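Enquirer: Let me begin by handing over the structure; questions about it come next.
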Amino acid sequence: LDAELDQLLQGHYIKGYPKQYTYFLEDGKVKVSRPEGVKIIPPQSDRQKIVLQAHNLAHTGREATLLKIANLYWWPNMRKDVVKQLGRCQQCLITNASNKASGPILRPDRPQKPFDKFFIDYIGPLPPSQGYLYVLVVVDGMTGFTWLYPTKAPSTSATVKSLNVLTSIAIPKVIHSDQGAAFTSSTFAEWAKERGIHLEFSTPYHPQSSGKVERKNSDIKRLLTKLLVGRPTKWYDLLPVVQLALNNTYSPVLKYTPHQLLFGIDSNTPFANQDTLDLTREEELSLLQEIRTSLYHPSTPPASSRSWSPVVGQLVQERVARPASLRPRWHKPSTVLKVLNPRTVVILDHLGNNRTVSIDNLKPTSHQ
Amino acid sequence: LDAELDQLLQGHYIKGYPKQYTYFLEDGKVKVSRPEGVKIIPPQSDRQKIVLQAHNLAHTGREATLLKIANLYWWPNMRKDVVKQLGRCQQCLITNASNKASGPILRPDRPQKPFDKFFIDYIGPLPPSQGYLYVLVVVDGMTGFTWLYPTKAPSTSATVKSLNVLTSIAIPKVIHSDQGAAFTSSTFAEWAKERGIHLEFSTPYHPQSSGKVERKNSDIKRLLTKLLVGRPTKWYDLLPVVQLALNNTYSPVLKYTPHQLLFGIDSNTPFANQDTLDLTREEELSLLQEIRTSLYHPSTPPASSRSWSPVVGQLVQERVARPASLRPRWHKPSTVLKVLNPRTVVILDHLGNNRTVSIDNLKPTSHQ
Amino acid sequence: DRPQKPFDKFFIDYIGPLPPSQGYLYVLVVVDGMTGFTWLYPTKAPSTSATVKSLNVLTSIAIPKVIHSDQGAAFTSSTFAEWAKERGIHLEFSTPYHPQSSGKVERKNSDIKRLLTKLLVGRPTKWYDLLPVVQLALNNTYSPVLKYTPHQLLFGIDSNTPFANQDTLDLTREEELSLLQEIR
Amino acid sequence: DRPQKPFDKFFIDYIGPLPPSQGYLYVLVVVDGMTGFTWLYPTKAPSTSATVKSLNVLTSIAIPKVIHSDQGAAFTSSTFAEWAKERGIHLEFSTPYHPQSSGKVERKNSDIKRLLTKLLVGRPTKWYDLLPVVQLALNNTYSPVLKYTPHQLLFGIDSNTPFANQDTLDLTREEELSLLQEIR
DNA sequence: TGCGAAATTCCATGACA
DNA sequence: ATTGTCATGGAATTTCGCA
DNA sequence: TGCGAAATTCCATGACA
DNA sequence: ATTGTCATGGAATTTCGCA
Ligand SMILES: Cc1nnc(C(=O)NC(C)(C)c2nc(C(=O)NCc3ccc(F)cc3)c(O)c(=O)n2C)o1
Ligand SMILES: Cc1nnc(C(=O)NC(C)(C)c2nc(C(=O)NCc3ccc(F)cc3)c(O)c(=O)n2C)o1
Ligand SMILES: [Mg+2]
Ligand SMILES: [Mg+2]
Ligand SMILES: [Mg+2]
Ligand SMILES: [Mg+2]
Ligand SMILES: [Mg+2]
Ligand SMILES: [Mg+2]
Ligand SMILES: [N+]
Ligand SMILES: [N+]
Ligand SMILES: [Zn+2]
Ligand SMILES: [Zn+2]
């Protein structure tokens, strides 16, 4: 404060104030003659308030805040004080966007077997067709084989009705779903435990986590659209057609249809493949086991030039999910309890609850 | 058809059918023994129908269609016939996504002078504040200097009331706006002609074209949000504050505030810059003219590895703007009349009207 | 001659009438010839209409080359013939009064009638709800002749519901004197 | 001594009452001392409240170091003093009965009164709508003393509305005998 | 005529419905 | 008949203070 | 043991609310 | 306590038919 500035005036040296400039008094304030002009050197006991005043004009970031201050003042290491304040501005921290991207996506292993893992999700509301508004899509992780059920609501009860019918064929080890009301209800939890089925949930607001089924939704909608061009949108009666159509369509990267992956032999549908006509069923299942293990699997892509990956103990912020108009897009800072994988973390939210959360719904808190 | 296939059976050579394979008759159909197995060679008069049947199962693209056909048949240059059909499938052409990106964006020149060009746009609806729901934002292209007016509707009339007040200060050469009801009405056209103001419109559904003002909208909303944290969203009374705050904020890339760009001297606001205290106003305006011409200007970025740029006469399709559920996302093919610039074109739409359109709202029709 | 395969032949038949369960009276039974895999569909009648409705569900999962049946009214109607022709399915009939399936299928059809009977006694009206577990049971039952269950033959993997108890399947003395009580 | 600048001093004053136009009676006049640039605001009264409302619009575009005025009630109120103090604006008063501006400002204030008078005759009630064009006129008027208009001094560029006709500004003989008819 | 550290510049990221 | 923009904060690069 | 052309593979693009 | 996916159609690369 006034101690430092005094020693300075009588020509002595203080660490931080370069010796080659002339420091004087004028109008009752300590000034210095810098290349850009004459600036006031405020006492250290005043500087926080100055930085705060400059910042608060428009809640500016580093450079835009500095440039204001620099108009009137100079002192050692100005930006350090600016950054100190930016890191303490609740309002900036929870309103500003991030400027660091997420780390590169994971490509989880393909389920080893049919029925190892189902991915389920709803599509809708669709235009009413026979009183139905939604479609339950169930996609076997290994094969891609898909089942379609029309519903009136994305409800637990309609989910249960459909899956009772599907699981007539086989019971899955795991069913993966997002956090829809339908899937997280305790009635649905019971229904699964009853059958030795383990429930797995996506992190919230991250449909990529259900990518297997989401992507299938795309094809389902795309084929429905084509079939309905120039007609009224009576989709109910096409669900079965679409199901069959898609389960028997080739994935050019794999060179197999989901049907083939599930059964190792085409049924009596158009253009059935015949290559195994002369093998026994047992010879056929043997070639199937081999085809199943050798399927193409993609790798994690390169990180973008400015991504971040979560560290235990880091201050990070969760995106507000459904932010009201003119309200912050981020929650208050919170801490990384566990790095589940490089794209998934548990955080303690200051309330504080444990939340499992995608890094896509996080930013690293700025300025530490 | 049967002519060709006959010559072939008696062991003669036909262009396209490789001579080293054995072609025979069996079950009344011409077959061939290819490395993968025995395939039927249908008569050419049958092939269109086959390709069509395979394609129609799920309306598949090239490889997925080929792979079905290949299960049963072989003939010369199969994919050429497949592609022929894909190019003729109305339903595929108007439902499928594009897989070619737009060419790199243009960075139009900064308007040379204040008042050369205004960019205007509405923000809202916002939570009601004193019966007001919208904000008219007017941004001078050269300076960035911005004016804010609260309205009850994004109407022509409220637009006119506001601009009568703004143009008390100065009349602009050009006002650029998007295609909002407010700006395209004939009442607004009259109001402008009355004042020798030229109206310029964005292509439709392309807010990037109003990027100057859109981007300012961001800052306006961002500052409003920060100022309103923990209070009710009474924004009406902050508009003036925000206006002033932003017009006096530094752009770190430019090193100037919009105020400075407009007037060449700070008014009596906090942290006013003083560098020109000893110049005459005329000396000051002279340094301003020089600062105005030397401002940083960005360049067109590199094209992505798979972009397209429009060619006169090309078949292209316009995106459906507000497509109903389960309806195609693209209009029928149409032709490029004029390439206005590499990112803007006039098209004849088959009705056919002339439409001026951003390439971001176009795909090149596939398969020619 | 080419070896037998799943989807080569479906054997279909009705069972019923049964006591009403959720408005249903009959069960359409589908058994794949090669695997012995079973699908069951509840209907309200042994009609062509109910058959078509039910087979539409099944045939939207997989389509057989041939459907075999006796000469039931529902299976010999020209509507049912249209339906099959549309899907490229050859229809096949056992001569009247002489049902011929195959060893495997007959034994499977036997298991079905008996397993049903066993579970309908005690709760003759709750069978609709049990159809799913009935099928899982049938389809994860070990075949003496082949070393494998129908599940295994159909999908080429073990199941997540193995039915480790080769079950009693016979009527316990309690159910014998109380099955003669329900039919009184 | 540092050279004079825009925003160094604003000279303010009221004109009126005038004939009601859209419910308005007065005009607050703001003239920048250095440039001669003029802003006009319609008010319903020469009150502190109306002044604050109007200056809030102006001072959200640019803030003067000093506001000069006579000793009008609206300008000497302690409310108006609070307002200025909040914005770091020094208030300045001409001694009572002795208005002192500057040559430039007086001449500008004269032009305003005369230009108004000229346009209010014929349409004494439509002035509200004409305020915008009145300002453009005033601000694109060539200054004999400086080689430049206020527009040019304020912004450092030519304007898109040059007022090429240095206008009559005097009352034509028709308006002289019909301005004495409106005040009858 | 070169070092350590501070200052400035660069620029990917994301958001304007 | 038209066309993206720019605050932001780590990192990369340049300049500064001193010798 | 090498050429032209066809076949196959690669992979950026975009869409699942 | 969890995690993107894959049809698509030009282009790039490989294979094929022939010699
Ligand atoms: C808790 C909690 N409450 N709500 C959520 C939540 O996720 N909400 C949204 C509205 C985002 C949502 N979205 C999709 C989806 O399909 N989105 C489209 C998409 C698909 C794939 C891809 F990569 C990107 C986008 C759903 O299926 C879904 O059920 N929901 C609820 O979490
Ligand atoms: C004809 C015709 N009819 N309607 C349109 C049209 O444009 N409609 C939408 C709803 C897209 C729209 N959007 C924005 C905007 O701000 N969007 C957000 C944004 C801003 C910048 C950026 F880069 C990306 C997105 C507007 O301002 C606006 O007035 N509209 C009407 O054209
Ligand atoms: Mg969902
Ligand atoms: Mg979804
Ligand atoms: Mg708009
Ligand atoms: Mg907009
Ligand atoms: Mg029978
Ligand atoms: Mg007065
Ligand atoms: N994994
Ligand atoms: N330009
Ligand atoms: Zn802040
Ligand atoms: Zn198609």
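Naming scheme: A, B, ... for chains in displayed order of the structure tokens; residues 1 onward per chain; ligands 1 onward as shown.
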Please run DSSP on the backbone and report, as a VMD selection string, all residues within range 51-180 of chain C that come out as strand (DSSP E or B).
Expert: chain C and resid 66 to 69 90 to 93
Enquirer: List as an mmCIF file with N, CA, C and O atoms, in the first residue's frame the protein and nucleic acid residues lying within 7 Å of ligand 5, with only C-alpha atoms (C1' of nucleotides) and all ligand atoms counted.
Expert:
```cif
data_model
loop_
_atom_site.group_PDB
_atom_site.id
_atom_site.type_symbol
_atom_site.label_atom_id
_atom_site.label_comp_id
_atom_site.auth_asym_id
_atom_site.auth_seq_id
_atom_site.Cartn_x
_atom_site.Cartn_y
_atom_site.Cartn_z
ATOM 1 N N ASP B 121 -32.156 -7.087 -36.051
ATOM 2 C CA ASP B 121 -32.750 -8.378 -35.727
ATOM 3 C C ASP B 121 -33.529 -8.280 -34.418
ATOM 4 O O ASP B 121 -33.296 -7.365 -33.627
ATOM 5 N N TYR B 122 -34.463 -9.201 -34.208
ATOM 6 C CA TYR B 122 -35.160 -9.287 -32.923
ATOM 7 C C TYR B 122 -34.623 -10.403 -32.066
ATOM 8 O O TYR B 122 -34.156 -11.428 -32.583
ATOM 9 N N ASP B 178 -32.765 -10.187 -41.682
ATOM 10 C CA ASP B 178 -33.215 -11.524 -42.074
ATOM 11 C C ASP B 178 -34.646 -11.424 -42.590
ATOM 12 O O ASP B 178 -35.170 -10.315 -42.728
ATOM 13 N N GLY B 180 -37.660 -11.863 -41.326
ATOM 14 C CA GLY B 180 -38.759 -11.709 -40.366
ATOM 15 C C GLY B 180 -39.954 -10.944 -40.922
ATOM 16 O O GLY B 180 -39.803 -10.027 -41.754
#
```
Enquirer: Name each residue within 6 Å of ligand 11, counting only C-alpha atoms (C1' of nucleotides) and all ligand atoms, as an MDAnalysis selection string.
Expert: chainID A and resid 59 89 91:92
Enquirer: Tell me which protein, DNA and RNA residues are within 10 Å of range 340-353 of chain B, counting only C-alpha atoms (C1' of nucleotides), leaving out same-chain ones fewer than 6 positions away, and put them as a PDB file with N, CA, C and O atoms (P, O5', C5', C4', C3', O3' and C1' of nucleotides), in the first residue's frame.
Expert:
```pdb
ATOM      1  N   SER B 102     -20.889 -28.099 -46.991  1.00  0.00           N
ATOM      2  CA  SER B 102     -20.735 -26.802 -47.625  1.00  0.00           C
ATOM      3  C   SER B 102     -19.296 -26.296 -47.812  1.00  0.00           C
ATOM      4  O   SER B 102     -18.370 -26.656 -47.061  1.00  0.00           O
ATOM      5  N   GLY B 103     -19.108 -25.429 -48.802  1.00  0.00           N
ATOM      6  CA  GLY B 103     -17.798 -24.820 -49.005  1.00  0.00           C
ATOM      7  C   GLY B 103     -17.497 -23.863 -47.864  1.00  0.00           C
ATOM      8  O   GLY B 103     -18.418 -23.427 -47.149  1.00  0.00           O
ATOM      9  N   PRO B 104     -16.218 -23.490 -47.704  1.00  0.00           N
ATOM     10  CA  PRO B 104     -15.834 -22.629 -46.569  1.00  0.00           C
ATOM     11  C   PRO B 104     -16.533 -21.267 -46.606  1.00  0.00           C
ATOM     12  O   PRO B 104     -16.732 -20.706 -47.696  1.00  0.00           O
ATOM     13  N   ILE B 105     -16.895 -20.739 -45.434  1.00  0.00           N
ATOM     14  CA  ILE B 105     -17.607 -19.448 -45.321  1.00  0.00           C
ATOM     15  C   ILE B 105     -16.862 -18.227 -45.895  1.00  0.00           C
ATOM     16  O   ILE B 105     -15.634 -18.188 -45.941  1.00  0.00           O
ATOM     17  N   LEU B 106     -17.626 -17.221 -46.308  1.00  0.00           N
ATOM     18  CA  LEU B 106     -17.058 -15.948 -46.748  1.00  0.00           C
ATOM     19  C   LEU B 106     -16.915 -15.007 -45.577  1.00  0.00           C
ATOM     20  O   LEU B 106     -17.737 -15.017 -44.665  1.00  0.00           O
ATOM     21  N   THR B 203     -30.475 -14.522 -46.970  1.00  0.00           N
ATOM     22  CA  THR B 203     -31.148 -15.662 -47.566  1.00  0.00           C
ATOM     23  C   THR B 203     -32.038 -16.278 -46.493  1.00  0.00           C
ATOM     24  O   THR B 203     -31.891 -15.968 -45.309  1.00  0.00           O
ATOM     25  N   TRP B 308     -18.624 -29.134 -51.224  1.00  0.00           N
ATOM     26  CA  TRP B 308     -18.998 -28.927 -52.593  1.00  0.00           C
ATOM     27  C   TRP B 308     -19.190 -27.441 -52.806  1.00  0.00           C
ATOM     28  O   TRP B 308     -19.536 -26.702 -51.882  1.00  0.00           O
ATOM     29  N   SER B 309     -18.919 -26.995 -54.022  1.00  0.00           N
ATOM     30  CA  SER B 309     -19.241 -25.631 -54.398  1.00  0.00           C
ATOM     31  C   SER B 309     -20.121 -25.650 -55.627  1.00  0.00           C
ATOM     32  O   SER B 309     -19.892 -26.449 -56.544  1.00  0.00           O
ATOM     33  N   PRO B 310     -21.149 -24.789 -55.635  1.00  0.00           N
ATOM     34  CA  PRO B 310     -22.204 -24.782 -56.652  1.00  0.00           C
ATOM     35  C   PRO B 310     -21.701 -24.396 -58.049  1.00  0.00           C
ATOM     36  O   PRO B 310     -20.854 -23.520 -58.198  1.00  0.00           O
ATOM     37  N   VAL B 311     -22.236 -25.077 -59.052  1.00  0.00           N
ATOM     38  CA  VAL B 311     -21.912 -24.864 -60.456  1.00  0.00           C
ATOM     39  C   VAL B 311     -23.224 -24.504 -61.174  1.00  0.00           C
ATOM     40  O   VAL B 311     -24.284 -25.066 -60.867  1.00  0.00           O
ATOM     41  N   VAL B 312     -23.172 -23.544 -62.097  1.00  0.00           N
ATOM     42  CA  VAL B 312     -24.366 -23.202 -62.881  1.00  0.00           C
ATOM     43  C   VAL B 312     -24.908 -24.456 -63.580  1.00  0.00           C
ATOM     44  O   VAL B 312     -24.139 -25.211 -64.207  1.00  0.00           O
ATOM     45  N   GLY B 313     -26.214 -24.692 -63.441  1.00  0.00           N
ATOM     46  CA  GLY B 313     -26.851 -25.842 -64.087  1.00  0.00           C
ATOM     47  C   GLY B 313     -26.928 -27.132 -63.275  1.00  0.00           C
ATOM     48  O   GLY B 313     -27.581 -28.089 -63.695  1.00  0.00           O
ATOM     49  N   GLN B 314     -26.278 -27.153 -62.106  1.00  0.00           N
ATOM     50  CA  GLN B 314     -26.264 -28.305 -61.195  1.00  0.00           C
ATOM     51  C   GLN B 314     -27.658 -28.573 -60.613  1.00  0.00           C
ATOM     52  O   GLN B 314     -28.436 -27.646 -60.347  1.00  0.00           O
ATOM     53  N   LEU B 315     -27.979 -29.854 -60.456  1.00  0.00           N
ATOM     54  CA  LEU B 315     -29.174 -30.277 -59.731  1.00  0.00           C
ATOM     55  C   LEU B 315     -28.873 -30.286 -58.242  1.00  0.00           C
ATOM     56  O   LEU B 315     -27.937 -30.943 -57.796  1.00  0.00           O
ATOM     57  N   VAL B 316     -29.653 -29.533 -57.486  1.00  0.00           N
ATOM     58  CA  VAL B 316     -29.400 -29.331 -56.078  1.00  0.00           C
ATOM     59  C   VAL B 316     -30.750 -29.370 -55.412  1.00  0.00           C
ATOM     60  O   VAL B 316     -31.766 -29.214 -56.080  1.00  0.00           O
ATOM     61  N   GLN B 317     -30.786 -29.575 -54.102  1.00  0.00           N
ATOM     62  CA  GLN B 317     -32.070 -29.604 -53.425  1.00  0.00           C
ATOM     63  C   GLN B 317     -32.083 -28.694 -52.234  1.00  0.00           C
ATOM     64  O   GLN B 317     -31.087 -28.584 -51.507  1.00  0.00           O
ATOM     65  N   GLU B 318     -33.204 -28.020 -52.056  1.00  0.00           N
ATOM     66  CA  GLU B 318     -33.351 -27.080 -50.969  1.00  0.00           C
ATOM     67  C   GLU B 318     -33.930 -27.829 -49.789  1.00  0.00           C
ATOM     68  O   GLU B 318     -34.819 -28.660 -49.967  1.00  0.00           O
ATOM     69  N   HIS B 331     -36.681 -30.758 -50.472  1.00  0.00           N
ATOM     70  CA  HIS B 331     -37.566 -30.538 -51.630  1.00  0.00           C
ATOM     71  C   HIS B 331     -37.071 -31.320 -52.835  1.00  0.00           C
ATOM     72  O   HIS B 331     -35.957 -31.863 -52.810  1.00  0.00           O
ATOM     73  N   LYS B 332     -37.870 -31.349 -53.901  1.00  0.00           N
ATOM     74  CA  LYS B 332     -37.483 -32.066 -55.118  1.00  0.00           C
ATOM     75  C   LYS B 332     -36.270 -31.405 -55.707  1.00  0.00           C
ATOM     76  O   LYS B 332     -35.965 -30.277 -55.365  1.00  0.00           O
ATOM     77  N   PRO B 333     -35.552 -32.106 -56.578  1.00  0.00           N
ATOM     78  CA  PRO B 333     -34.410 -31.448 -57.208  1.00  0.00           C
ATOM     79  C   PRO B 333     -34.775 -30.160 -57.959  1.00  0.00           C
ATOM     80  O   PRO B 333     -35.938 -29.965 -58.354  1.00  0.00           O
ATOM     81  N   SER B 334     -33.793 -29.272 -58.110  1.00  0.00           N
ATOM     82  CA  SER B 334     -33.982 -28.001 -58.803  1.00  0.00           C
ATOM     83  C   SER B 334     -32.637 -27.561 -59.342  1.00  0.00           C
ATOM     84  O   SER B 334     -31.617 -28.196 -59.045  1.00  0.00           O
ATOM     85  N   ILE B 359     -26.056 -21.915 -49.695  1.00  0.00           N
ATOM     86  CA  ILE B 359     -25.732 -23.322 -49.969  1.00  0.00           C
ATOM     87  C   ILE B 359     -25.839 -24.210 -48.721  1.00  0.00           C
ATOM     88  O   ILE B 359     -25.961 -25.435 -48.834  1.00  0.00           O
ATOM     89  N   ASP B 360     -25.784 -23.598 -47.538  1.00  0.00           N
ATOM     90  CA  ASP B 360     -26.037 -24.314 -46.305  1.00  0.00           C
ATOM     91  C   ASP B 360     -27.434 -24.905 -46.304  1.00  0.00           C
ATOM     92  O   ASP B 360     -27.690 -25.842 -45.573  1.00  0.00           O
ATOM     93  N   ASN B 361     -28.344 -24.379 -47.107  1.00  0.00           N
ATOM     94  CA  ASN B 361     -29.666 -24.977 -47.186  1.00  0.00           C
ATOM     95  C   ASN B 361     -29.850 -25.793 -48.452  1.00  0.00           C
ATOM     96  O   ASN B 361     -30.966 -26.005 -48.911  1.00  0.00           O
ATOM     97  N   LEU B 362     -28.737 -26.283 -48.983  1.00  0.00           N
ATOM     98  CA  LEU B 362     -28.758 -27.111 -50.169  1.00  0.00           C
ATOM     99  C   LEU B 362     -27.899 -28.350 -50.052  1.00  0.00           C
ATOM    100  O   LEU B 362     -26.852 -28.343 -49.396  1.00  0.00           O
TER     101      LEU B 362
ATOM    102  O5'  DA F   1     -31.654  -5.990 -54.819  1.00  0.00           O
ATOM    103  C5'  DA F   1     -30.956  -7.050 -55.504  1.00  0.00           C
ATOM    104  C4'  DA F   1     -31.277  -8.418 -54.909  1.00  0.00           C
ATOM    105  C3'  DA F   1     -30.074  -9.299 -54.559  1.00  0.00           C
ATOM    106  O3'  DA F   1     -29.401  -8.871 -53.334  1.00  0.00           O
ATOM    107  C1'  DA F   1     -31.745 -10.599 -55.645  1.00  0.00           C
ATOM    108  P    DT F   2     -30.003  -8.708 -51.836  1.00  0.00           P
ATOM    109  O5'  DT F   2     -29.101  -9.842 -51.137  1.00  0.00           O
ATOM    110  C5'  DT F   2     -29.528 -11.210 -51.137  1.00  0.00           C
ATOM    111  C4'  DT F   2     -28.345 -12.126 -50.963  1.00  0.00           C
ATOM    112  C3'  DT F   2     -27.496 -11.844 -49.739  1.00  0.00           C
ATOM    113  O3'  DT F   2     -27.337 -13.098 -49.100  1.00  0.00           O
ATOM    114  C1'  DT F   2     -26.122 -11.946 -51.681  1.00  0.00           C
ATOM    115  P    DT F   3     -26.951 -13.277 -47.568  1.00  0.00           P
ATOM    116  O5'  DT F   3     -25.411 -13.642 -47.682  1.00  0.00           O
ATOM    117  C5'  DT F   3     -25.038 -14.804 -48.369  1.00  0.00           C
ATOM    118  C4'  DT F   3     -23.546 -15.030 -48.225  1.00  0.00           C
ATOM    119  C3'  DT F   3     -22.942 -14.966 -46.810  1.00  0.00           C
ATOM    120  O3'  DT F   3     -21.763 -15.763 -46.705  1.00  0.00           O
ATOM    121  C1'  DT F   3     -22.035 -13.254 -48.144  1.00  0.00           C
TER     122       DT F   3
END
```
Enquirer: Mind listing the residues within 10 Å of ligand 2, only C-alpha atoms (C1' of nucleotides) and all ligand atoms counted, as a PyMOL selection string?
Expert: (chain B and resi 120-124+154+177-184+201-218+321-322) or (chain E and resi 15-17) or (chain F and resi 4-5)
Enquirer: Grab me every residue within 9 Å of ligand 9, counting only C-alpha atoms (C1' of nucleotides) and all ligand atoms, and send it over as a PyMOL selection string.
Expert: (chain A and resi 106-111) or (chain H and resi 3)
Enquirer: Next, write the just-selected residues to a file, as a PDB file, in the first residue's frame, keeping N, CA and C atoms (P, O5', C5', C4', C3', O3' and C1' of nucleotides) as the atom set.
Expert:
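File written: part_16.pdb
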```
ATOM      1  N   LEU A 106     -15.387 -42.632 -26.552  1.00  0.00           N
ATOM      2  CA  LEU A 106     -15.044 -44.044 -26.395  1.00  0.00           C
ATOM      3  C   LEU A 106     -15.837 -44.886 -27.365  1.00  0.00           C
ATOM      4  N   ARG A 107     -15.247 -45.962 -27.852  1.00  0.00           N
ATOM      5  CA  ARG A 107     -16.040 -46.887 -28.645  1.00  0.00           C
ATOM      6  C   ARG A 107     -16.183 -48.202 -27.880  1.00  0.00           C
ATOM      7  N   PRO A 108     -17.146 -48.288 -26.958  1.00  0.00           N
ATOM      8  CA  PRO A 108     -17.221 -49.488 -26.113  1.00  0.00           C
ATOM      9  C   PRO A 108     -17.235 -50.766 -26.940  1.00  0.00           C
ATOM     10  N   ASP A 109     -16.699 -51.855 -26.388  1.00  0.00           N
ATOM     11  CA  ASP A 109     -16.733 -53.155 -27.066  1.00  0.00           C
ATOM     12  C   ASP A 109     -18.143 -53.609 -27.448  1.00  0.00           C
ATOM     13  N   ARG A 110     -18.273 -54.243 -28.609  1.00  0.00           N
ATOM     14  CA  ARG A 110     -19.539 -54.821 -29.022  1.00  0.00           C
ATOM     15  C   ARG A 110     -19.830 -55.955 -28.049  1.00  0.00           C
ATOM     16  N   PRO A 111     -21.069 -56.030 -27.547  1.00  0.00           N
ATOM     17  CA  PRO A 111     -21.495 -57.129 -26.709  1.00  0.00           C
ATOM     18  C   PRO A 111     -21.105 -58.407 -27.379  1.00  0.00           C
TER      19      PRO A 111
ATOM     20  P    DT H   3     -23.102 -43.972 -20.011  1.00  0.00           P
ATOM     21  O5'  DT H   3     -21.728 -44.053 -20.801  1.00  0.00           O
ATOM     22  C5'  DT H   3     -20.737 -43.098 -20.536  1.00  0.00           C
ATOM     23  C4'  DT H   3     -19.581 -43.277 -21.501  1.00  0.00           C
ATOM     24  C3'  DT H   3     -19.907 -43.384 -23.002  1.00  0.00           C
ATOM     25  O3'  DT H   3     -18.819 -42.933 -23.810  1.00  0.00           O
ATOM     26  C1'  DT H   3     -18.922 -45.385 -22.255  1.00  0.00           C
TER      27       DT H   3
END
```
Enquirer: Counting only C-alpha atoms, which residues from chain A have an atom at most 7 Å from any atom of chain C, and could you show them as a short mmCIF file (atom, residue, chain, number, x, y, z; two decimals) with N, CA and C atoms, in the first residue's frame?
Expert:
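Output (result-v5.cif):
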```cif
data_model
loop_
_atom_site.label_atom_id
_atom_site.label_comp_id
_atom_site.auth_asym_id
_atom_site.auth_seq_id
_atom_site.Cartn_x
_atom_site.Cartn_y
_atom_site.Cartn_z
N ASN A 164 -42.51 -58.22 -22.02
CA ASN A 164 -43.06 -59.54 -21.75
C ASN A 164 -43.20 -60.32 -23.04
N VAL A 165 -43.65 -59.65 -24.11
CA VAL A 165 -43.80 -60.33 -25.40
C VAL A 165 -42.42 -60.62 -26.02
N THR A 167 -39.50 -60.97 -24.51
CA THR A 167 -38.68 -61.88 -23.72
C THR A 167 -39.27 -63.27 -23.67
N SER A 168 -40.40 -63.47 -24.36
CA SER A 168 -40.87 -64.82 -24.69
C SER A 168 -39.82 -65.55 -25.48
N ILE A 169 -39.05 -64.81 -26.28
CA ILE A 169 -38.07 -65.42 -27.16
C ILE A 169 -36.81 -65.75 -26.36
N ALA A 170 -36.37 -64.82 -25.52
CA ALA A 170 -35.13 -64.95 -24.76
C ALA A 170 -35.06 -63.84 -23.74
N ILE A 171 -34.37 -64.08 -22.63
CA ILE A 171 -34.18 -63.06 -21.60
C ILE A 171 -32.78 -62.48 -21.79
N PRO A 172 -32.62 -61.14 -21.73
CA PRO A 172 -31.29 -60.56 -21.90
C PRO A 172 -30.56 -60.45 -20.57
N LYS A 173 -29.22 -60.44 -20.58
CA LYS A 173 -28.46 -60.22 -19.34
C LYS A 173 -28.69 -58.81 -18.83
N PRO A 240 -44.38 -53.39 -38.58
CA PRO A 240 -43.90 -54.74 -38.87
C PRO A 240 -43.04 -54.81 -40.12
N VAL A 241 -43.52 -54.19 -41.20
CA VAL A 241 -42.77 -54.13 -42.44
C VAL A 241 -41.37 -53.54 -42.22
N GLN A 243 -39.63 -53.18 -39.41
CA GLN A 243 -38.85 -54.10 -38.58
C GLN A 243 -38.14 -55.13 -39.44
N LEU A 244 -38.94 -55.86 -40.21
CA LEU A 244 -38.42 -56.91 -41.06
C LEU A 244 -37.43 -56.34 -42.07
N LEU A 262 -27.90 -62.73 -35.99
CA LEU A 262 -28.68 -63.40 -34.96
C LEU A 262 -28.89 -64.91 -35.16
N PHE A 263 -28.98 -65.35 -36.41
CA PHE A 263 -29.42 -66.71 -36.72
C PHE A 263 -28.43 -67.48 -37.59
N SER A 267 -33.88 -66.24 -43.45
CA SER A 267 -35.15 -66.91 -43.52
C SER A 267 -35.70 -66.68 -44.94
N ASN A 268 -36.97 -66.96 -45.16
CA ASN A 268 -37.52 -66.93 -46.51
C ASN A 268 -37.94 -65.50 -46.88
N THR A 269 -36.94 -64.65 -47.06
CA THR A 269 -37.21 -63.27 -47.43
C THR A 269 -36.49 -63.09 -48.74
N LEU A 277 -25.75 -73.39 -47.90
CA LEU A 277 -26.79 -74.36 -48.20
C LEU A 277 -26.30 -75.79 -47.96
N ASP A 278 -25.00 -76.00 -48.17
CA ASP A 278 -24.42 -77.34 -48.08
C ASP A 278 -23.74 -77.66 -46.74
N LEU A 279 -23.80 -76.73 -45.79
CA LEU A 279 -23.26 -76.99 -44.46
C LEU A 279 -24.36 -77.56 -43.60
N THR A 280 -23.99 -78.29 -42.56
CA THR A 280 -24.98 -78.74 -41.60
C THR A 280 -25.30 -77.53 -40.72
N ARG A 281 -26.36 -77.62 -39.93
CA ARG A 281 -26.66 -76.50 -39.09
C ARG A 281 -25.48 -76.30 -38.15
N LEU A 285 -23.45 -72.94 -37.54
CA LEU A 285 -23.30 -72.24 -36.27
C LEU A 285 -21.85 -72.02 -35.92
#
```
